[PDB]
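Student:
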Amino acid sequence: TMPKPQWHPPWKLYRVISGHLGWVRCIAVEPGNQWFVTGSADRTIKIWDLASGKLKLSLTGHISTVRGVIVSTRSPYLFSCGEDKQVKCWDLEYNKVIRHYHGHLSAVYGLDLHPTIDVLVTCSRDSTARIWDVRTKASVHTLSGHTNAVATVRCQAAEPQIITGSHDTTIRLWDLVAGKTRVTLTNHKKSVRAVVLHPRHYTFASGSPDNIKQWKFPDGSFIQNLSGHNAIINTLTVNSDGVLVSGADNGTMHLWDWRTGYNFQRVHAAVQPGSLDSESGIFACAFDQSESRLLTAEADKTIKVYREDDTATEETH
Amino acid sequence: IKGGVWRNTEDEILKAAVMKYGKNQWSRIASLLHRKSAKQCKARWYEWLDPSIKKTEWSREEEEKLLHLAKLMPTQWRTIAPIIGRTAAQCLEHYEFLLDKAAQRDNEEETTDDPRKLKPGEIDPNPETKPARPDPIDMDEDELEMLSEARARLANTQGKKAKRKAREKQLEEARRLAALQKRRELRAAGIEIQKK
Amino acid sequence: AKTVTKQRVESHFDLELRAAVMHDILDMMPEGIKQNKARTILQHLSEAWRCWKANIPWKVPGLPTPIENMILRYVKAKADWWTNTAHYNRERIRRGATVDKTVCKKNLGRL
Amino acid sequence: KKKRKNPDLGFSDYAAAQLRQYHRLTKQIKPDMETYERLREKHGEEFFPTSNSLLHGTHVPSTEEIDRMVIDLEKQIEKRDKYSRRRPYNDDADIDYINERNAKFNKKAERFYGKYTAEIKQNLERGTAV
Amino acid sequence: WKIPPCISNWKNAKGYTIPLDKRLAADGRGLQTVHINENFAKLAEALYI
Amino acid sequence: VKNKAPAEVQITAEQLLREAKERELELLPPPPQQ
Ligand SMILES: [Mg+2]
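Chains as they are written, first to last, in the deposited numbering: chain T, 184 to 500; chain L, 6 to 201; chain A, 669 to 779; chain M, 114 to 243; chain R, 245 to 293; chain J, 179 to 212.
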């Protein structure tokens, strides 16, 4: 035992929200904890009340599965992307689409907003990531260099400003200004389907079905290797208390210590009554802005909501 | 002007056509057998040619379950038949045979009560439930032409575009050898005509 | 970059379904697999969809249970898309909304 | 007198067959001590190099070495080309194919589904019964 | 992890000829097992009485 | 004069398959020795 891990209280499901008619493929929380978006394969975007778990709005307009949804923090906007090939801005003042971002040759798998510049970045199946200006709806750069479908992308304000993993088992750390790759990290053996950024410690994590890896930001140094959750993992999310969540395609979800890399809880949730045993699966997970609720978008067309158990230490390895 | 009695030749072409086209394309099979429609081919398959149709002798527990189900579901042979594992026509025929072997023993001796109630001068309503006529020695133009079309359609796999491209490849090879001979003669005698 | 408008919709859906299945079987096979055999699993998925539409019970005698479970998952997803499209177009045909003639024939055939 | 048995198991990997093939080639080779001691006495201190000594861009092999390498590699190509031996083609079996690829696809079907579809073939050969 | 081939009841794209046991190898429609209830008996006997 | 009589051969499906294999309506001839 080289490290001693911080004790984290275990999590438990307390709310199963239902009402989508397709796999819930994305989730995102508003900056004020008043509501949260989901996007699903029933071609809609649903505003849910975060306190009561009640459907606040349903927004139609996609032609195919909704893959990524994000709410802007600087502007009152709602960006969404789909297998439609369509990337959209929803003006939440009007609940209508005002701008559509055109140029993806195939399906769009994820999107992220730059926190300070008003620049949208998108992943696509055509092996590219695109860089869009919000105001002028134009492609600034086309990040090319992956060879397979691009699965996940993130953004910083500090250095390398765009980090994306893809299905070619590589991860490229980029230059937003030039539009060229700075670091190609090839350590994974299977496809990287989730990258995630730590809020404080200036490191990041990346997940693939072999194992999950933690990495320094300036040039990508190896730091650690978090293993044991060996399924096809779809999302990773980080809590500022150092809780890491890994949700997989087989419904299994592990809870992890960020610092020491310790597995303190395994959660294998159950499917909805009508659903099937082969249909347990997690496509997205997100913490709220209070970082005390865990919202998981499941493959049984549900939203499951978790919170911490208030009972003291029955734990520590 | 379709149907009639099934011969062995039509049934073997039907077997080979199920081997080629499957059990979900009956109008492609019935194009291979004239004077037989797609419903007739489908019925003949499921009633005399499926190798799950038990053409063996009825056992004891089979006819016990037969009498139990026929007393249990009156005149419902399409429902009784998948339970006892026989064709509904065979199931009905053997049930009528078992009722004959009790009514004849209970009342009569051999005859006397109405000699014939069979079917003269008519076309049988279900000829797919009946075994196949053998093939006559002198097969006519219809049967031999049907066998020839059967072999010629069991051989083919290619469509229009593949067949025109194969002929186009042969024509390209022929015109290449012809231009080769012309150019070889022009270089052999020696005439330096250039081309475009 | 052509848009999926109205006559590309089913072809784009069935284009993306194949791609999602391809990514899942590239992630699902273990480390020492020959990395062939994708086309056969795609044919098993198409046959499983045909057997769902025909209401034929679909079982392959020898098949690995991750491939069989994944095919059942994606066949249930295409079933949901098919059925919700049928409900939507039936409500449109009932109210008298602007519908194509081909969507009337397709909707009758689904119902 | 010596005796050694080396059969093959299943395939399972592209590296295990490489390792078997390497052990075969590396047991077949014979070193020449004259050339070895000659190059050792010529090279001296650097004949036991590290990862990073100097000699990477220096060696020029004479004609006999490259001829031995080419002959060995031709033998290795021949041994690789003898990998898939053709099974003898009998025409007494009732053929169930109309093409050249149909026969091999029916062979693959008999490989995979041949263990499960063992009753129905008996039903066919006994006259579509049972 | 071996994947057997797909012998389809609909598509035969290269026009092959497949043996019947391989062709009708749909196990699920053979294990459907048409099984009856026991309350048919009470109904039929009560109607005859 | 045509005679109806039960035969002895009784042609089957595998005979049709064997006689259909030898039609060779798709095998293109090899190119000539040039
Ligand atoms: Mg045609």
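Where a beta carbon is used, it is the ideal one built from N, C-alpha and C, also for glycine.
Out of T/330, T/373, T/276, state which residue places its alpha-carbon closest to the alpha-carbon of residue 507 of chain T.
Tutor: Outside the shown range of chain T (184 to 500) lies residue 507 of chain T, about which nothing can therefore be said.
Student: Give the straight-line distance between the Cα atoms of residue 185 of chain L and residue 336 of chain T, rounded to the nearest whole angstrom.
Tutor: Position 180 of the second sequence, counting from 1, holds the residue named residue 185 of chain L. Position 153 of the first sequence, counting from 1, holds the residue named residue 336 of chain T. Distance between the alpha carbons of residue 185 of chain L and residue 336 of chain T is about 60 Å.
Student: For residue 272 of chain R versus residue 725 of chain A, is the C-beta spacing smaller than 8 Å?
Tutor: What you label residue 272 of chain R is simply residue 28 of the fifth sequence in a count that begins at 1. What you label residue 725 of chain A is simply residue 57 of the third sequence in a count that begins at 1. Taking 8 Å as the Cβ cut-off, residue 272 of chain R and residue 725 of chain A qualify as a contacting pair.
Student: Got a sec: does ligand 1 put a non-hydrogen atom nearer than 7 Å to the Cβ of residue 259 of chain R?
Tutor: Taking the first residue of the fifth sequence as position 1, residue 259 of chain R is located at position 15. No, Cβ of residue 259 of chain R sits at least 7 Å from all heavy atoms of ligand 1.
Student: Since residue 418 of chain T and residue 465 of chain T should fall inside the 8 Å C-beta cutoff, what is the C-beta to C-beta distance between them, to a whole number of angstroms?
Tutor: As a first step, residue 418 of chain T is located in the first sequence; it is residue number 235 there, counting from the start. As a first step, residue 465 of chain T is located in the first sequence; it is residue number 282 there, counting from the start. Confirmed, about 7 Å.
Student: Of all Cβ atoms in chain M, is any one closer than 8 Å to the Cβ of residue 182 of chain J?
Tutor: Counting from one through the sixth sequence, the residue named residue 182 of chain J turns up at place 4. No, residue 182 of chain J does not count as interfacial toward chain M.
Student: Can you find a C-beta in chain M that's less than 8 Å from the C-beta of residue 269 of chain R?
Tutor: Position 25 of the fifth sequence, counted from the first residue, corresponds to residue 269 of chain R. Closer than 8 Å to some Cβ of chain M, the Cβ of residue 269 of chain R qualifies, so yes.
Student: 8 Å is my cut-off, CB to CB: does residue 22 of chain L come that close to chain M?
Tutor: Locating residue 22 of chain L in the second sequence gives position 17, where the first residue counts as 1. By this cut-off, residue 22 of chain L is not an interface position.
Student: Exposed or buried, what is residue 674 of chain A when buried is set at 16 or more other beta-carbons lying within 10 Å of its beta-carbon?
Tutor: If you number the third sequence from 1, residue 674 of chain A lands on position 6. Label assigned to residue 674 of chain A: exposed.
Student: Kindly give me the distance between the Cβ atoms of residue 287 of chain T and residue 313 of chain T, rounded to whole angstroms, as I take these residues to be in contact under 8 Å.
Tutor: Locating residue 287 of chain T in the first sequence gives position 104, counting from the first residue. Locating residue 313 of chain T in the first sequence gives position 130, counting from the first residue. Residue 287 of chain T to residue 313 of chain T, Cβ: 7 Å. Contact.
Student: Can you tell me which residues form a DSSP beta bridge with residue 390 of chain T?
Tutor: Reading the first sequence from its first residue, position 207 is the one you call residue 390 of chain T. Answer by DSSP bridge pairing, in chain order: T/377, T/395.
Student: Give a yes or no on whether the minimum CB-CB distance between residue 272 of chain R and chain A is below 8 Å.
Tutor: Your numbering for residue 272 of chain R matches position 28 in the fifth sequence. For residue 272 of chain R, the answer is yes, since a Cβ of chain A falls inside 8 Å of its Cβ.
Student: Assign residue 222 of chain T to one of three DSSP states: helix, strand, or coil.
Tutor: Indexing the first sequence from 1 puts residue 222 of chain T at position 39. Reduced to three states, the DSSP call for residue 222 of chain T is strand.
Student: Enumerate in chain order the residues of its own chain whose CB-to-CB distance from residue 290 of chain T is below 6 Å, with the five nearest sequence positions on each side excluded.
Tutor: Position 107 of the first sequence, counted from the start, is the residue given in the question as residue 290 of chain T. Excluding positions up to five away in sequence, the list reads 266, 308.
Student: Report yes if the C-beta of residue 164 of chain L is less than 7 Å from at least one heavy atom of ligand 1; otherwise report no.
Tutor: In the second sequence, the residue the question calls residue 164 of chain L occupies position 159. Indeed, a heavy atom of ligand 1 lies less than 7 Å from the Cβ.
Student: Using only CA atoms, which one of L/167, L/114, L/111, L/89 lies nearest to residue 69 of chain L?
Tutor: For the purposes of this step, residue 69 of chain L is taken as residue 64 along the second sequence, with counting starting at 1. For the residues L/167, L/114, L/111, L/89, the minimum Cα distance to residue 69 of chain L belongs to L/89.
Student: Residue 459 of chain T versus chain A: which residues are under 8 Å apart at the beta carbon?
Tutor: In the first sequence, counting from the first residue as 1, residue 459 of chain T sits at position 276. Chain A residues near residue 459 of chain T: 740, 741, 744.
Student: Using only alpha-carbon positions, find the residue among L/87, L/63, L/18 that is nearest to residue 275 of chain R.
Tutor: Within the fifth sequence, residue 275 of chain R is the residue found at index 31, counting from 1. Here the closest residue by C-alpha is L/87.
Student: List the endpoints of the continuous beta strand (DSSP E) containing residue 466 of chain T.
Tutor: Mapped onto the first sequence, residue 466 of chain T falls at position 283. Start and end: 465-470.
Student: For residue 198 of chain J, return the contacting residues in chain M, with the cut-off set at a CB-CB distance below 8 Å.
Tutor: The count along the sixth sequence starts at 1 and reaches residue 198 of chain J at position 20. Ordered by position in chain M, the residues that pass the 8 Å Cβ test against residue 198 of chain J are 211.
Student: Have a look at residue 359 of chain T and residue 261 of chain R and give me their C-alpha separation to the nearest angstrom.
Tutor: Translated into positions along the first sequence, residue 359 of chain T becomes position 176. Translated into positions along the fifth sequence, residue 261 of chain R becomes position 17. So the two alpha carbons sit approximately 58 Å from each other.
Student: Beta-carbon of residue 293 of chain R versus every beta-carbon of chain L: anything under 8 Å?
Tutor: Locating residue 293 of chain R in the fifth sequence gives position 49, counting from the first residue. Chain L contact via Cβ: absent.
Student: Mind checking the stretch 86-118 of chain L against chain R and listing, in chain order, the residues whose C-beta falls within less than 9 Å of any C-beta there?
Tutor: Cβ contacts with chain R come from 87, 88.
Student: Around the C-beta of residue 214 of chain M, are 16 or more other C-beta atoms found within 10 angstroms, so that it is buried, or is it exposed?
Tutor: The count along the fourth sequence starts at 1 and reaches residue 214 of chain M at position 101. With fewer than 16 Cβ atoms within 10 Å of its Cβ, residue 214 of chain M is classed as exposed.
Student: What's the C-alpha gap between residue 231 of chain M and residue 64 of chain L?
Tutor: Locating residue 231 of chain M in the fourth sequence gives position 118, counting from the first residue. Locating residue 64 of chain L in the second sequence gives position 59, counting from the first residue. Roughly 24 Å between the two C-alpha positions.
Student: Three or more C-beta pairs closer than 8 Å, one from the stretch 120-130 of chain L and one from the stretch 277-287 of chain R: is that the case here?
Tutor: The stretch 120-130 of chain L vs the stretch 277-287 of chain R: no contact.
Student: Report the residue ranges of all alpha helix (DSSP H) runs contained in full by the stretch 85-157 of chain L; include only those spanning at least 4 residues, in chain order.
Tutor: With a minimum length of 4 residues, the continuous alpha helix (DSSP H) runs that stay inside the stretch 85-157 of chain L are 93-111.
Student: What residues in the stretch 259-287 of chain T bring their beta carbon closer than 9 Å to a beta carbon of chain A?
Tutor: Cβ contacts with chain A: 266, 267, 268, 269, 285, 286, 287.
Student: Does any residue of chain A have a CB that is nearer than 8 Å to the CB of residue 126 of chain M?
Tutor: Looking up residue 126 of chain M in the fourth sequence gives position 13. Chain A, which has a Cβ nearer than 8 Å to the Cβ of residue 126 of chain M, makes this yes.
Student: Would you say residue 290 of chain R and residue 77 of chain L are within 8 Å of each other, going by their C-beta atoms?
Tutor: Translated into the one-based positions of the fifth sequence, residue 290 of chain R becomes position 46. Translated into the one-based positions of the second sequence, residue 77 of chain L becomes position 72. Their beta carbons are not under 8 Å apart, which means residue 290 of chain R does not touch residue 77 of chain L by this criterion.
Student: Contact between the stretch 217-230 of chain M and the stretch 169-181 of chain M: three or more CB pairs below 8 Å?
Tutor: Not touching, per the Cβ criterion.
Student: Does any residue of chain J bring its CB to less than 8 Å from the CB of residue 34 of chain L?
Tutor: Reading the second sequence from its first residue, position 29 is the one you call residue 34 of chain L. No, residue 34 of chain L does not count as interfacial toward chain J.
Student: Does the separation of the CB atoms of residue 432 of chain T and residue 458 of chain T fall below 8 Å?
Tutor: Position 249 of the first sequence, counted from the start, is the residue given in the question as residue 432 of chain T. Position 275 of the first sequence, counted from the start, is the residue given in the question as residue 458 of chain T. No, they are not a contact pair.
Student: Start and end of the beta strand (DSSP E) containing residue 436 of chain T?
Tutor: Indexing the first sequence from 1 puts residue 436 of chain T at position 253. 435-440 is the extent of the beta strand (DSSP E) around residue 436 of chain T.
Student: What does a CB cutoff of less than 8 Å around residue 382 of chain T pick up in its chain, not counting 5 residues either side in sequence?
Tutor: In the first sequence, residue 382 of chain T corresponds to position 199, counting from 1. So the list reads 421, 423, once near-sequence residues are dropped.
Student: Between residue 242 of chain T and the rest of its own chain, which residues show a CB-CB distance below 7 Å, the 5 nearest in sequence each way excluded?
Tutor: Residue mapping note: residue 242 of chain T aligns to position 59 of the first sequence, counting from 1. 227, 228, 273, 278, listed in sequence order.
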